[PDB]
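Following this message is one structure expressed as C-alpha cells.
Chain naming follows the written order as A, B, C, D, E, F, G, H, I, J, K and L, and within any one chain the residues start at number 1.
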Amino acid sequence: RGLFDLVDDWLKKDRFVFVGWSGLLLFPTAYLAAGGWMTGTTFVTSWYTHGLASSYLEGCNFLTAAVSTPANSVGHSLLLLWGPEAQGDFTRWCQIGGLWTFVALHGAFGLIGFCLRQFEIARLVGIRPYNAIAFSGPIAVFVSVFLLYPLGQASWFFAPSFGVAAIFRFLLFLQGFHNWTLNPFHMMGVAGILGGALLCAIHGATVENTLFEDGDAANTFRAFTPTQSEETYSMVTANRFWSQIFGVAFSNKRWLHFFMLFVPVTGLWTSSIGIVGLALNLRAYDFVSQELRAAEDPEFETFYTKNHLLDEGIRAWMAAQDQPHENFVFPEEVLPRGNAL
Amino acid sequence: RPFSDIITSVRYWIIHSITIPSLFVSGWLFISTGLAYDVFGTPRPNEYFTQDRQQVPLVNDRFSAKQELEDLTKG
Amino acid sequence: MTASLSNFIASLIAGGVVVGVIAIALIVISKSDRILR
Amino acid sequence: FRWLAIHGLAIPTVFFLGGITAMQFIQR
Amino acid sequence: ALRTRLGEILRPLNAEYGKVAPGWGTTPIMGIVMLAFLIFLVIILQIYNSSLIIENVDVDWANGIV
Amino acid sequence: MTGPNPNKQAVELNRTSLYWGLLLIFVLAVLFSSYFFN
Amino acid sequence: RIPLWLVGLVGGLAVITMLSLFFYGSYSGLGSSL
Amino acid sequence: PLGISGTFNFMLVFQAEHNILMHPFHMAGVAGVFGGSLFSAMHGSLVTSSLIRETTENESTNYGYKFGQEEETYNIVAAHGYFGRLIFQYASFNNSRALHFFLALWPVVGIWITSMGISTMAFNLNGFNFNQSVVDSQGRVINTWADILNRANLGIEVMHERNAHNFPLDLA
Amino acid sequence: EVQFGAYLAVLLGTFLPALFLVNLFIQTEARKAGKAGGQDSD
Amino acid sequence: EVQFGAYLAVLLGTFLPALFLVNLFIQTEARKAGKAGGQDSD
Amino acid sequence: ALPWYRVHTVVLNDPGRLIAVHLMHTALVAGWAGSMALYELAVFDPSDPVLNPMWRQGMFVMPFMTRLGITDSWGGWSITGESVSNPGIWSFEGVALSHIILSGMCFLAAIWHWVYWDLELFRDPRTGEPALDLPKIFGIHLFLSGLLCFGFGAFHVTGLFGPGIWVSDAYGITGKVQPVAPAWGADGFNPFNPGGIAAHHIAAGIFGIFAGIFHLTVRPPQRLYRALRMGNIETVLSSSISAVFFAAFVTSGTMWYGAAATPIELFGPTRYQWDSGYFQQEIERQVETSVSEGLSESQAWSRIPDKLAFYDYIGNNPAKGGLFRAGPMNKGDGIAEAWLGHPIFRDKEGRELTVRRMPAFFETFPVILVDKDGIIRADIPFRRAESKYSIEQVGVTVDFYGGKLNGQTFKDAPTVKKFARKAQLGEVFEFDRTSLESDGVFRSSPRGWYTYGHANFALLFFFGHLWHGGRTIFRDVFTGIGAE
Amino acid sequence: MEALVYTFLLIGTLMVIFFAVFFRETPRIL
C-alpha cells in the first residue's frame, strides 16, 4: 500500500540471496572488510609502520602476509581517509596503516549486520532465535580482541594484524608479556573449544552408529527422506551404550542439542572476559607465594618458575624488533642467555 | 535459471571467452607496468633503503604523518 | 572552519549521498518489481 | 538479476589472480 | 482491587492502556531526531579522539581553577 | 494483606541438574582457588 | 551443450596450473631467499 | 609433564625447537577444533531453534521429550529452510544422516592429522622456516612476520633447560 | 605467605552455592512425594 | 594477633548449620504445597 | 514447574510485586554503599594526604563522595588537609549512615508493596487484567529525570545551591571543591573542561524535561506500538539494558583515558601519563625555569613538591597490577615516607646518563644507562664474561639533588648499581613495608578496578540485550513452534 | 595448611562423580 510496504515486500522477496533489511548493513560492510583484507595483504606494505614486509608484492606467501596495525605515533586515531592524518590522500593512508582500521571498523559493522540477519530470517521462518544468540559468542571475541584490547593498550599497534603469521606473533606476544595461558579465563575457554569439538565428534559418531535399517543398500546415506516423522536413530540404544561405557548419558534430545550450544559458546564468553582484563594489564602473572619462596630458597624449583624464565626470553629477545618505535637498543650482555646457547 | 544449466551452455562460453582473458591480462598489466607500486605506495625492490636513509623508516608524529612520509619517500 | 572540521562535514555530505544513491535506486526498483496480489 | 551478485565477487578475483601470477616472476 | 488514597490520585495516569495514534503518526519526526543524535555522537567522539580539531579546543588536562 | 497471588508457581530441579550444578561449583572452586590463595 | 565433466576437467587443471605456479615462485623471484 | 603448568612448559619448548605453528598439521587441527566447535554450536542451535511445542511456558523446554518416544522432536524442514536462507540454498544438508556424519568427520580427521604433526616433528622434521626469505636487490634481509616469530622462538630456545646444555646446538 | 581471606573465599564459594543447589533438589522431591499421596505426604 | 582458623570456625559454624535448618523448612512447605493440589504441586 | 532460571518470572503479570522486587534490589544497593563506606572509614588513614592519598589505600567509593563535594569527616580530618570544627550532617560518616537508613526504609516499603500486591491502580479499567501503561510511565519517569538532571547541573554543580565539583590543576597538585560555571561553546565538549559537565546536565536536563512533556501527551503510532511490542513489558527491559551497557562503556572509557569527571587526585594517574612522560616533562620544566633564574642545581630540585614526583613513579601506574592479587596499592611496597631525590648519573668522562625507564608491559627490564643522543653507554650485564659496557668499566657516579639525599655522591660500583636499578622505576622513594606486610609486587589503582568491573559487566549485558531482546520479538514461539 | 584445601577440593570433586554414575536418576520408558 504505502511506500514503506513496497520496500518491505521487496527486500523480503524469495530470491537467490536473502537481502532483507539487514542486508543493507551487512552486504556493504562485509564486502569492504573482505576486500580490504585481500587488497591489504596483496599490495599494501608494512614498511613504514612496523618495518616489515607483509604483502605479496614483497615476496610474502599466504602465511607471512598481513594487513598490519598502524604506528604507535598514530595512537588510537580512527585514521579516516579524510582525517587529519591521511588528509584525503589514498596512498599516504595505506602507508600509515589506514586499511587496518578500515578492515576492523567495516568488519565490526559486518558482525553487527550479520547477527541482525539471524534475527530477521528467524522471524520470517518463524523459529526461536538461538542462532543469533550463539553467534554472539564470536562477536565477543572480535570485539574484545580486535577492538577492546588495543583501546586499553597504548595504541592500535598492539592489536592483532589480519594475517596468518601476524596472529601467530600475537599468540607469542601474549605469553611473554602477559602470561595469558595462566589466566583462568583462557582455561575456561580451552575447555569450551576442546569441549565443543568433543561433543560434535561424539554426537556425530553416535547418531551415525545407531541408525535404523530403512533400506536394503549398504549405503545408509540414501535411506533418509527429509520430511519423515520417524526418528532416524535409536535413542534408547545410544543411551544404553554410553550408560555402560562412560557411566552417564543423555536421555533427552532437547537437552543434548542445547548442551551442544552452551559448551562452545560459553568458552568464547569466558575467554572474552579475560582479554578485557588484559587491556588493563590486570594479568595473572605470578603466584606470590611461589615467588617469595623461590627468592628466599635458591633450590626450590617448580614447572611454574620454569615458565617465567621462558618469558624473560620472550620479553627481551623479541622486544627489540617488536617495537621499533621505542628504539630498544639492547647490548649483547643484557640479553638473558642460558648456558652455552 | 539453474546454475549448472548456465555453465554448460555454449552462449555462456561465447561471452566469457573474451572477458576472462581481457580481465586477467589487465591484472597482469596492472603489475608489469609498475602501476601498483604507485597507487598503494609499496616499495619496489630497489627502494627499501636509499643512499642517505640506511635505517628502517618509521612515522613518529600524530598529525604531520603525511608530511613525514613525504620526506621518507622522495630519496 | 579548520582543515579538520571542514573535511568532516564534507564527509558527512559524502556519507549522505552514499546512503542516498543506494536509497534512491532502491525506491525506483521497488516500484517495478512489486508482487502481484 | 544475479549478474550483479556473482560478478561483484568474480571480476575482482580474476583481476587479483592476474597480479599474483605476475608477482611470481618478479625478482629483486 | 483495593482502593487506596494514593491509588485514587495516580489512577488517571494508568487509566489509559493501549490507545494509539492511528497511522504513521510522529514517526518521521522521531527519525529526524535520531539522525541528529547519530551525528552528535560522531562529533563528540572525534573531538575526543583528536580526529576533529576545533580551534581553541585542546583535549588535554587543563588547569581547572583552584 | 490482600488475596492470594495467582502467579504462584513451583520450582523444580531434577537429580540430573543437581550433579551439573555441584560439579560446576567444585570445578570452579578447583580452578579459582590457586589464584585466590595467590 | 557441453558435458559438465569436461568443464570441471578444463577448469580443474587450470587451477593446478595456477597453484603449481604459486609453488614455483616460492623457489624463484621474490621471497625465495636466493 | 603430567600437570597444568607442565603442559605449557611442554608447548613453548616445543615451539622453539620445532616451530609447530608454521607446521601445516597444527594448522589442520586448529581448523579441526575451531571448525569442530563451530559445527557443534551450529548444529546444536538449529535443533534447539526448531523444537516443537510440547510444553507450557511455566515448565522447562526439555520436558517435551519423553524418553524412548518414536515421534521426531523437531521440525527438520524448518531448520533446513532457515540455513537454506542464511547462506544460500545448496549449502544445506537436508539429509540428517549425512549431516550427523560431517560432525564426526571434521574434528576426527583434524586430530588424526594433528597427532601426526607431533609424530613427524618427533623425528625433527620441523615446520616451515621462512627466516631471511625476503631480500632486496642489494641483498639486505627485509624482515617479515616470520622473522618476528623467529625472535620469539630464539628467546625460548636460549632459555629452555638453561643449565642442561654444554654445546652450541640443541641436538636434543 | 598466602592470603588468609582466601580460605573464606573458597570454602564459602564451595559450600554456600552448593548447599543452595541441594535445597532446590530436596524441595523438588518433596513436592513429588507431596502429590503422590502415599506414606510420605503428610 | 588472632587465630586465622577462627574465621572458618565461626562463619561455617553460622552458615552450615543455619543453611541446614532452612532446608528442613523449605521441604516442609513443599510437602504442604505438594498435597494441596493447587497451582504449586506439579 | 519453573526451572531455577525462570523463578523470577512470576513478576511478569504482577505490577504490584514488580515494585516490591525493584525496591528490594534498591535496598541492597543502598545498603551496600552505606556499609562499604563504613568499611572504608575504618581502613582510611588521614596521616599524610600527600604521599598516602585515598587512591593508594584502595578506597573505591570514597573518591565518588569527594568528587561531588564531600571533604570533611566527623573525626575532624579532611582530604584537603584544612581542619574543620564541624562538618554538620553531610560528612563521610553522614553519607554512609544515610545510605543505610535509606536501605532500611526501602526494605520496609518492599514488605508493604509485596503483601498488598492487589491495588486498583494496577488494574485495567477496561478489561480488569493487570496492565501498565508503558508509554505514559515513560513520560512520567523521563520528566522526573529531566528535573534531577537539570536540578543537578544548575544547583549542585554551578554552586547556586550546592558545593560543586572537585576540580584540579593540570598536574594534580592543587585541587578543591568549588562551583563550576558552565562553558557553552565548543569548549564544553573538551572532556577535561569541568565547565562542560555543568553545561551538559543543564542543557540535557531541559531536553529531558520537554521530552517528558512530549512523551506524556502524544500517544505512540499504531505501527510503532506493534513493531516495538509496547504492550509487552520485556521491550522495556530489552532496551533498558541497551541503554545501560552503552553507559558502562562510556564511564569505563572516561575512567581509563581520564576526564574532568575523573580527577587524578582522587582516582590516581592514568597509564597515558606514564607512557607519554607527562610528569617527567613537567618536573623538568619546573627545573628548567628554576635553573634559568640563577640557582644551584640542588636548590632547583628542592622546589619540586613530593606529590609531583610521586606521580612520576611506576607503582602508581594502574597498568602494573595484577588480577588475583588483592588489596590496596600500599600492600604493594608499603606506605611511602619521603622522596629520596633525583639521581643524576655521570660517567668518568662527565656526560649525563639517563636511565632508560621501564614501560608498562615489562615486568622485568634490564637496567640500561643512555646518554642524550641514544647511544648505549652503560648497563648492568646479564653475562659478566665478555662485558663491554659495565659500570665498573665506564665508572658511572651518581649525584642526588633534592630529597633527603640532597647533596651526596656515591662513586663505587656496589652502590651505583643499587641506585641504577631503582631509578628505572620512575622516581626514588623510601617506603614502609612492615606496617601492612607488603610483599613486594605492584597492585592497581581504583582507576584500574573500576575499568575492570564496568567493562566486563557491559560485555555481559550485551548478551542480555540479545537474550531479552530476542525474547520480546519472538514471544509467540517460546513454548516451541507449530508443525503446521 | 594450604595444600589441605586443594586435596579436599580434589577428593570432594571425585565424590560427586561417584554419586552421579551409580546413583543416577535411571531413565525409564513409559
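General observations
Following the convention adopted for this analysis, a residue touches a chain if its C-beta (ideal position, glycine included) is under 8 Å from a C-beta of that chain, and two chains touch if they have at least 3 such contacts.
Averaging Cα coordinates per chain and for the whole protein, the chain whose average falls nearest the overall one is A.
For chain G, the chain with the farthest CA centroid is J. If you tally contacting C-beta pairs for each pair of chains, A-H comes out on top.
The distance from the centre of chain E to the centre of chain K, with each centre set as the mean of the Cα atoms, comes to 25 Å.
Between the Cα centres of chain G and chain H there is a gap of 28 Å.
Averaged C-alpha coordinates give centres for chain J and chain K that are 39 Å from one another. Computed from the mean C-alpha positions, the centre of chain C lies at a distance of 42 Å from the centre of chain H. The set of chain L residues touching two or more other chains comprises 2, 5, 9, 12, 20, 24, 27, 29.
In chain C, the residues that reach two or more other chains under the touch definition are 3-4, 8.
Of all residues in chain A, those that touch two or more other chains are 16-17, 51, 57-61, 75, 77, 80, 83-84, 87, 122, 126-129, 133, 236, 239, 251, 284, 288-289, 292, 312, 315-316, 336-337. Residues 236, 239, 247-248, 251, 289 of chain A are the ones that touch chain L when the two sit in their complex. Contact residues on chain D toward chain B in their complex (touch as defined above): 11, 14-19, 21-23, 26-28. Chain contact summary for the complex, chain E toward chain A: residues 46, 49-51, 53. Residues 4, 7-8, 11-12, 15-16, 19, 22-23, 26-37, 40-42 of chain I are the ones touching chain J in the complex. Residues 3, 6-7, 9-10, 13, 24, 28, 80, 82-84, 87-88 of chain A are the ones touching chain C in the complex.
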